[PDB]
Each structure stands twice: as C-alpha cells, then as structure tokens.
Protein chains: 2
Amino acid sequence: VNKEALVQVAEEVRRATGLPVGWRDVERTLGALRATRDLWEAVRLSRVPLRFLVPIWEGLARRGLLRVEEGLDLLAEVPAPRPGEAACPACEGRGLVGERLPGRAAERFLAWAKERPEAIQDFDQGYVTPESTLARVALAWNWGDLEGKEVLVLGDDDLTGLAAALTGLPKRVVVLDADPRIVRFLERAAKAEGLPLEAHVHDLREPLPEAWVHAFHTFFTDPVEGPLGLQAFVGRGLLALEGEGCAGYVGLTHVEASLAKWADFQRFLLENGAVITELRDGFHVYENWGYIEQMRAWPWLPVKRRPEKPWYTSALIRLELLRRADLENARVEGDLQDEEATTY
Amino acid sequence: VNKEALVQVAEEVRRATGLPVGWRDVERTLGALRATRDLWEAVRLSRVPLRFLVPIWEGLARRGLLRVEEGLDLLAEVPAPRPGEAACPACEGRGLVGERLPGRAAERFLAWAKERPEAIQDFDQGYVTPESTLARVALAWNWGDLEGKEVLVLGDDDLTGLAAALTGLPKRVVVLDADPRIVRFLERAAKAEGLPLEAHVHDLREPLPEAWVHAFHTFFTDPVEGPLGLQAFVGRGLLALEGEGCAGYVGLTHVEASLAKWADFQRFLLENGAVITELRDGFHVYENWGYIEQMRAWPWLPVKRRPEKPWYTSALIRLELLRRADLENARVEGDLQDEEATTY
Ligand SMILES: CSC[C@H]1O[C@@H](n2cnc3c(N)ncnc32)[C@H](O)[C@@H]1O
Ligand SMILES: CSC[C@H]1O[C@@H](n2cnc3c(N)ncnc32)[C@H](O)[C@@H]1O
Ligand SMILES: NCCCCN(CCCN)CCCN
Ligand SMILES: NCCCCN(CCCN)CCCN
Ligand SMILES: [Fe+3]
C-alpha cells in the first residue's frame with residue numbers, strides 16, 4: 001500500500017460526492033485503524049468528518065485494505081502514522097481544570113447536572129461532559145472574560161450559562177435557546193441559587209432583538225456547523241458583542257466540519273474583525289445522546305452498535321474583536337445543517 | 001476609575017506611538033497588577049506586548065493609579081478582571097506532556113540539553129525549557145506529523161530537530177540556522193546518536209535552496225515576529241512544504257506581537273492556503289537569556305531587576321495546508337524586527 005492509493009481513494013470520494021476530501025483524510029482514517037477496531041473510537045482518533053469516513057472506509061474495503069465485519073480491521077501495513085499518546089491525563093489534554101473555579105462552581109454545577117434536561121433530537125442537542133463545561137468556563141476565567149462582564153450564551157444544553165453564573169464573577173448572564181426545557185431549567189437554577197442569570201426562548205434563525213445587539217462583552221456558543229448554522233449562532237454572537245476587546249467562545253468539531261470549512265469559518269471571523277487567540281482541539285468530550293439510532297448517518301454505518309463510551313469531541317476557540325462586527329441582522333432562511341452534518 | 005479612563009489611556013499611547021493600543025490592553029495591564037507587584041510576572045499575566053506595557057504603565061502612573069518603587073502597586077480600585085488560575089499544574093497548562101515520546105526521547109534529549117549552546121544576542125536567541133521543546137514535538141506526534149515524515153526546522157536554538165529525531169519517528173530531519181554553533185551542535189549529536197538529522201548554515205533572509213523547496217511534510221519554527229521576520233521564517237516554511245496535507249508548527253508571543261499583528265498573520269496564513277488547527281496560548285515557557293540587560297527594552301523598564309524565574313512565554317500554532325503554497329522565494333530585505341520588538 002503506497003501513497004498513490006491514498007490519493008486515489010480520496011479522488012473517488014471526491015468524484016462521487018463533491019465534498020473536499022483529501023489524501024490526508026485517508027491517511028488519518030488508516031492511522032486511527034492502526035490503533036483500534038472499534039468504529040466510534042476510530043471516529044475519535046481520526047479527526048475526519050463522519051460524512052467522509054463512511055465512503056473512505058468503503059473505498060478502503062473495496063481495495064481489500066479493510067475488513068468490515070463486527071469491527072473495522074486493517075488487512076495490510078499502511079503508510080499512516082499511528083495516533084500519538086501525549087495528552088496530559090490529569091486534564092484530559094485540555095490544559096485547564098474546572099475544579100479550580102471560584103464559588104465552588106464545580107461542586108455546585110455537578111449537583112445541578114444530575115437533574116439537567118435530556119438531549120433531544122428536535123434541536124440537535126448533545127451536551128458536553130460536566131468537566132468540559134467547567135473547563136470551557138475556566139478558559140474564560142483565565143482570559144478575564146467573566147469578572148464584572150455581561151455574558152451571552154447562544155444555545156445552552158451544556159449549561160455554560162449556569163457554570164459561568166455559579167462562579168460569582170459575571171455582572172450578568174443571559175441565555176438564549178429554542179428549547180423551553182433548557183430555559184426553564186436555567187430559570188429554576190437562577191432562582192434557587194440567587195444568580196444574575198436570565199434565560200429566554202429564542203430561535204436564532206430570527207433576528208437578534210435590539211436589546212441584545214452590541215450589548216455584551218463575552219459570548220459562548222456550541223453551534224450547528226453548516227454555514228447557515230454558523231451564521232445563526234456565531235454571527236449573532238458577534239453582533240451581540242459591544243465591539244473592540246469583546247470575546248467569543250465557540251465549539252467546533254471535526255466530526256461535522258471539514259478542514260476546508262474550518263478555513264472558511266476562520267476567514268469569516270477575520271473578515272468581521274475578530275482574531276483567534278486560542279484553539280484547543282479535542283477540548284470538549286460529549287455525552288452520548290439517546291437518539292443516536294435516529295441520526296442521519298446511522299443507516300450508512302458499516303458497523304451499527306450503540307456506543308458505550310464517549311467518541312464525539314470538539315475544539316474550543318477563543319476569539320476577540322479588534323473592531324465592532326457590523327453583520328446583517330437578517331433572518332436566516334434555509335437549512336442550518338449542511339451536507340457534512342451527520343448526527344442530527 | 002471608569003472604563004472611559006481605560007479608553008483615554010489607550011488613545012494617549014496610540015497617538016504618541018502610532019501603534020494599535022486599545023482599551024483592552026489597558027484593562028489587561030491593570031488586571032495583571034491586581035494579581036502581582038512584580039514587573040516580570042505582570043508582563044506574563046498581561047498578555048500585552050512589552051512595547052505597549054511600558055507606556056501604559058507610565059500613563060497609569062501619571063494619573064496617580066500606579067505607584068512604581070521597588071514593585072508595581074495599584075493606588076486605586078480598578079474595573080479590570082484578575083487573571084484566573086485554572087491552568088493544569090501537571091502540564092503547565094499545555095495539555096501535552098513529553099514523557100511518553102517514543103525512543104526514550106525525553107530522557108535522551110535532557111542529557112543533550114545540558115550541553116546546549118547558550119543563547120546569544122547576535123541571533124536574537126532564547127530557548128524554551130526542555131519540557132517545552134518536548135511538548136512541542138509531542139503535539140506533532142499526536143497529530144501524525146512525525147512518523148515517516150520529512151521534517152524541516154527553521155531556526156533551532158530550541159533543539160526541536162534533535163528532539164524530533166530522538167523519537168525515531170521521522171524519516172529525516174533537516175535544520176536550518178544562521179548560527180554555526182547550533183548547526184555544529186546538531187551535527188555532533190546526529191553522529192553520536194546515529195540519527196537521520198542534518199543541519200546547515202543558512203540565513204533565512206536569502207532564498208531557500210531548491211533542494212528544500214516543496215520538499216517537506218512538516219516544519220517547525222519559533223520566529224522573529226516583525227512582518228519581515230514572519231516572512232523569512234514562516235513563509236519559507238510554507239514554501240518548504242510539499243503542499244496539501246503538510247503541517248507547520250509556529251511559536252507566537254504576545255510579548256512582541258499585538259493582536260492586530262496576530263490577525264494580520266492569521267490572514268497571511270489563510271490567504272496562502274493554510275488553516276489553523278491548534279493555537280495553544282502560553283504553551284512555551286522560555287529560559288531567561290544572559291543578555292537581558294542589553295536588550296532594547298531594558299532601559300525603559302520602570303523597575304530594573306534581573307528576572308529570577310521564567311516570564312516570557314509563547315503560543316504554539318499548528319497549521320495545515322489545504323493546497324500548495326506557491327510563495328515567492330526572494331531575498332527579504334529590511335529589518336526582521338519591528339517597532340513591537342523589544343527583546344533583541
Ligand atoms: C445546537 S445544540 C446546542 C443548543 O442550541 C439550541 N438550539 C438548537 N437549534 C437552535 C436554534 N435554531 N435557535 C436557538 N437555539 C437552538 C439547543 O436547544 C441546544 O441547547
Ligand atoms: C529567532 S531565534 C530562533 C533561532 O533562529 C535563528 N536565527 C535568527 N536569525 C536568523 C536568520 N536570519 N536566519 C536563520 N536563522 C536565524 C537563531 O540562531 C535561533 O536558533
Ligand atoms: N447531534 C448531537 C451531536 C451534535 C451536537 N452539536 C451541538 C452540541 C451542543 N452542546 C455539536 C455542536 C458542535 N459545534
Ligand atoms: N530575544 C530574547 C528571546 C527571543 C525569543 N524569540 C526567539 C525564540 C527562539 N527559540 C521568540 C520567538 C517568538 N516567536
Ligand atoms: Fe494537564
């Protein structure tokens with residue numbers, strides 16, 4: 001198995017789908033399989049979109065490189081680097097530990113997390129682990145984006161708004177979500193804990209209400225990752241920032257976003273006056289959601305077994321505005337999911 | 001003290017110097033001072049360029065907000081967040097540890113580092129801690145950028161090329177440096193250890209020899225941070241990579257690079273075919289260099305005492321190419337340092 005075979009597998013997928021599939025996607029796919037036979041683990045190790053993985057794995061099996069039977073088994077030696085093992089086990093490779101947050105936020109958060117609303121398919125939900133939420137807020141603490149600040153959270157199954165308000169740092173936290181269950185849980189917690197936290201039912205496909213335009217110092221979001229979803233979550237966030245010196249925090253996966261789309265998103269940030277100051281890949285680990293067998297890619301999977309441990313992860317990005325972002329505050333029409341999206 | 005005051009201080013410096021100093025850099029300056037009275041620690045905690053810190057501190061002192069004596073003490077209550085304290089102590093906030101590197105690389109590297117060339121002012125040198133070098137290489141291991149790859153290191157006081165070769169993963173490592181001491185040390189270690197590591201004296205202001213153009217899969221550099229220096233080091237890096245799927249690792253400070261410059265660099269990268277896949281801020285810690293009293297900023301400092309612990313830090317950026325970068329291979333003419341540079 002030589003280099004050209006990786007190139008040819010990628011070109012085949014490219015020809016069949018119109019998607020930006022490269023030879024290095026194939027390399028990554030093979031690399032992961034040097035370390036595991038389990039499909040979900042292969043996804044986690046690969047750093048390739050699940051939309052790409054399926055036809056790549058098919059192409060590799062058509063060439064006799066891969067056996068697809070109860071597992072994914074490499075049948076040949078391959079020109080692909082094996083996954084490294086250098087993640088710091090103390091912080092799960094984050095660099096940040098949420099346990100250190102003020103106000104005993106970590107212990108108080110874990111109590112509330114035990115009663116959180118289940119992730120539902122109606123809103124593409126799937127929350128990160130409590131440690132992930134707390135570390136996300138710890139990053140914001142470290143960069144000075146919580147204390148005395150006005151914080152907006154756009155979608156909050158992760159309960160970032162709650163963790164942030166439990167630290168005792170923000171001036172106030174406002175959460176928007178389409179799901180009344182999330183809104184109500186946050187309002188309940190806000191009342192019981194005496195927090196300056198408010199939550200509102202709002203669908204981000206509609207314009208942002210004028211009270212929230214250029215009114216915040218800091219936003220958090222873990223958005224739907226089609227370009228329209230990026231616009232509706234991250235563009236609203238940028239519109240919500242007062243301007244220069246304000247910060248945003250964004251969750252971004254490989255599972256549903258190609259490196260080509262990573263670049264497009266980075267261009268979108270730079271052209272709207274932002275700059276990236278942190279990008280910690282694999283920072284968030286997601287809890288398995290109940291609706292996995294009803295998601296888009298399920299029927300395509302070569303092995304179909306419910307996952308028993310976490311597999312879906314995302315990066316944390318920190319951005320800062322160098323000037324006010326003057327984005328159109330229009331309705332977003334059309335699908336927030338794109339062709340790369342597979343777990344909705 | 002109100003937010004308007006922070007804006008005023010910033011505008012004064014901006015007007016006096018022509019540099020892009022904003023209110024948030026003042027806020028960051030003040031926040032650091034809430035946490036420490038030590039100048040070097042204030043620089044570390046600020047995430048602001050030293051070029052900006054000097055005139056911000058002086059402006060704060062003229063306003064009766066800062067006392068400068070044997071330390072730096074705030075004289076009023078200020079609207080600035082304290083930097084948080086959530087970095088993982090096990091990995092020094094990096095999320096990666098060099099210890100599990102293959103080949104006994106960590107232990108072997110530490111032996112060699114005991115005999116390394118000391119940093120000299122003639123080449124603006126200052127090496128990272130041995131664990132920083134090893135962590136950098138471990139990030140590359142984790143991303144599949146070592147095993148069987150062709151590795152170029154552009155500037156190597158950090159000895160990244162030696163650490164990478166010690167893993168036994170690369171197919172070969174080539175190092176370029178203008179300092180013959182660095183080159184000779186690497187040649188010496190390569191022969192002693194029998195590694196596929198070579199080094200060459202090369203001034204990166206001159207064109208890259210053809211043999212190294214589009215020849216490599218991975219590059220590492222920790223560059224001079226004026227725009228010309230970024231062209232001489234990172235641009236040559238980009239030109240050295242074969243193309244799509246090849247990676248680069250770049251060190252980038254706040255101490256000598258403003259966020260306006262960070263954005264211009266990120267633009268430069270996206271426009272020439274790259275995408276950022278990691279940006280771990282504060283990843284590298286630098287050892288203190290012997291010529292600190294002879295560096296540009298020393299006479300300006302409001303308090304002058306030699307540092308006793310590390311203070312100068314940089315981010316580690318991983319980029320990947322989405323396509324070949326066809327940059328010009330011309331002479332770089334002019335100063336690699338710019339007005340934001342202060343440690344040369
Ligand atoms: C995308 S999943 C993250 C969060 O976004 C919320 N969400 C999903 N779609 C939308 C939408 N169109 N507008 C607002 N919130 C949404 C979810 O209910 C969840 O809490
Ligand atoms: C900038 S310090 C990092 C490394 O770059 C090297 N260096 C500095 N200037 C040049 C240059 N013009 N060409 C090549 N290497 C350089 C130094 O010797 C050091 O090892
Ligand atoms: N469909 C379930 C898995 C996708 C979850 N997405 C929303 C997560 C919200 N916490 C991932 C978003 C990645 N940006
Ligand atoms: N001049 C004192 C220290 C300079 C550090 N610069 C060179 C470091 C090389 N290991 C910083 C480079 C930052 N990109
Ligand atoms: Fe750690």
Side-chain angles (χ1 to χ4, degrees), chain A residues 87-97 116-117 119-128 153-161 175-183 185-186 200-206 221-225 228-229 232-233 236 251 286 289 332 336-337 343-344, chain B residues 87-97 119-121 123-128 132-133 136 155-160 177 182 220-225 229-230 233-234 250-257 284 286-292 294-297 312-317 337 341-344:
Chain A
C88 170
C91 57
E92 311 180 301
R94 298 185 187 95
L96 286 110
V97 172
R116 75 200 303 159
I120 68 177
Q121 189 166 19
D122 310 38
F123 303 104
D124 198 12
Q125 289 177 354
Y127 48 80
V128 303
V153 183
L154 302 90
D156 213 16
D157 56 356
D158 295 327
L159 303 176
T160 308
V175 176
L176 307 175
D177 202 284
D179 182 359
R181 286 178 322 140
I182 297 311
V183 172
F185 184 82
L186 290 169
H200 304 278
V201 176
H202 181 75
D203 189 303
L204 293 159
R205 292 168 283 201
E206 295 311 300
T221 192
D222 191 12
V224 178
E225 296 180 337
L228 295 186
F233 284 82
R236 267 44 165 143
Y286 291 69
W289 45 97
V332 178
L336 298 190
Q337 281 88 15
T343 68
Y344 71 94
Chain B
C88 171
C91 55
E92 187 109 88
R94 298 182 182 99
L96 285 110
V97 163
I120 66 167
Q121 188 168 17
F123 301 104
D124 191 18
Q125 296 178 343
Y127 51 77
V128 302
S132 299
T133 294
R136 175 190 289 170
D156 213 18
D157 60 352
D158 299 321
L159 304 180
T160 306
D177 203 287
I182 301 293
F220 298 90
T221 188
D222 196 11
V224 176
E225 290 179 347
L230 300 167
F233 283 81
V234 180
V250 184
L252 182 67
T253 72
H254 298 291
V255 180
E256 301 187 81
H284 308 293
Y286 291 71
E287 304 283 18
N288 287 321
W289 42 99
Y291 65 87
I292 185 138
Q294 283 67 48
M295 80 189 178
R296 185 192 186 206
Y312 187 102
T313 68
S314 71
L316 177 56
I317 290 170
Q337 319 288 346
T342 52
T343 72
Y344 69 89

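Order of listing sets the numbers, starting from 1, for every ligand and every atom in it. Each chain gets a letter, A, B and so on, in the order its sequence line appears, and its residues count up from 1. The basis for the numbers below is simple: all heavy atoms, side chains too, and nothing from hydrogens, waters or symmetry mates.
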B:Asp222/B:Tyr286 under side chain to side chain contact (heavy atoms under 4.5 Å, CB included): CA gap, chis, key distance, verdict | CA-CA 11 Å; B:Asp222 196 11; B:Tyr286 291 71; 2.5 Å; yes
List the steps and the verdict of side chain to side chain contact (heavy atoms under 4.5 Å, CB included) for B:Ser132 and B:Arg94.
-> CA-CA 9 Å; B:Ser132 299; B:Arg94 298 182 182 99; 2.9 Å; yes
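In this structure, B:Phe233 and B:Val224 have side chains that are in contact, with non-hydrogen atoms separated by less than 4.5 Å. Within the 4.5 Å cutoff, the side chain of B:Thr343 has no heavy atoms near those of the B:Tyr291 side chain. With contacts defined as side-chain heavy-atom distances shorter than 4.5 Å, the pair A:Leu159/A:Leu186 qualifies.
Centred on the Fe ion (ligand 5), the SG atom of A:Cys88 and the SG atom of B:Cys88 lie at an angle of 120°, reported to 10°.
Atoms of ligand 1 found under 4.0 Å from any heavy atom of A:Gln125 (numbered from 1 in listed order, with element): 17 (C), 18 (O), 19 (C), 20 (O). Interface atoms of ligand 4 facing B:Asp157, defined by a heavy-atom separation under 4.0 Å, are 9 (C), 10 (N). Close approach to A:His202 involves these atoms of ligand 1, each under 4.0 Å from a residue heavy atom: 13 (N), 14 (C). Contact atoms of ligand 4 toward B:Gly126: 8 (C), 9 (C), 10 (N) (distance under 4.0 Å to a heavy atom of the residue). Near B:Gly251, the atoms of ligand 4 lying under 4.0 angstrom from a non-hydrogen atom of the residue are 14 (N). Using a 4.0 Å cut-off to heavy atoms of B:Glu225, the atoms of ligand 4 that qualify are 13 (C), 14 (N). Taking every heavy atom of A:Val224 and a limit of under 4.0 angstrom, the matching atoms of ligand 1 come to 1 (C). Near B:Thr253, meaning under 4.0 Å from any of its heavy atoms, are these atoms of ligand 4: 13 (C). Atom numbering of ligand 4 starts at 1 in the shown order; those under 4.0 Å from a heavy atom of B:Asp158 are 10 (N).
Annotation: A:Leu336 places no N or O atom under 3.5 Å from an N or O atom of ligand 1; distance criterion only. At under 3.5 Å, not a single nitrogen or oxygen of A:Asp179, backbone or side chain, sits near a nitrogen or oxygen of ligand 1. Residue-to-ligand polar distances keep A:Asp222 apart from ligand 1: every N/O pair is separated by 3.5 Å or more. Below 3.5 Å of separation, one finds no N or O of A:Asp124 facing any N or O of ligand 1.
The nearest pair of heavy atoms linking A:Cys91 to B:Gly95 is SG-CA, 4.0 Å. The minimum heavy-atom distance between B:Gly93 and B:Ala87, with the atom names listed, is CA-CB, 4.0 Å.
By the criterion of a heavy-atom distance under 4.0 Å, neither the backbone nor the side chain of A:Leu154 is placed next to ligand 1. In B:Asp222, the parts holding a heavy atom less than 4.0 Å from any atom of ligand 4 are both the side chain and the backbone. The part of B:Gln125 lying near ligand 4 is the backbone, judged by heavy-atom distances below 4.0 Å. When non-hydrogen atoms are compared, ligand 4 lies under 4.0 Å from the side chain of B:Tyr291 (C-beta onward) but not from its backbone. For B:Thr343, heavy-atom contacts with ligand 4 shorter than 4.0 Å involve the backbone as well as the side chain. Both the backbone and the side chain of A:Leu204 come within 4.0 Å of ligand 1, counting heavy atoms alone.
In this structure, A:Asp157 contributes its side chain and A:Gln125 its backbone to no donor-acceptor pair below 3.5 Å.
Rounding to the nearest 0.5 angstrom, the gap separating the CG atom in A:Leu154 from the CZ atom in A:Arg236 is 9.5 Å.
For the ligand labelled ligand 4, residue B:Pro223 lies inside the 4.0 Å heavy-atom shell. The shell of residues lying under 4.0 angstrom from ligand 1, judged by heavy atoms, excludes A:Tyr127.
In this comparison of A:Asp158, A:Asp177, A:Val183, A:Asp157, the heavy atom closest to atom 17 (C) of ligand 1 sits on A:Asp177.
In terms of protein heavy-atom proximity, atom 4 (C) of ligand 4 is closest to B:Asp124 O, 3.5 Å. Counting protein heavy atoms only, atom 11 (C) of ligand 4 is closest to B:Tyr312 OH, 3.5 Å.
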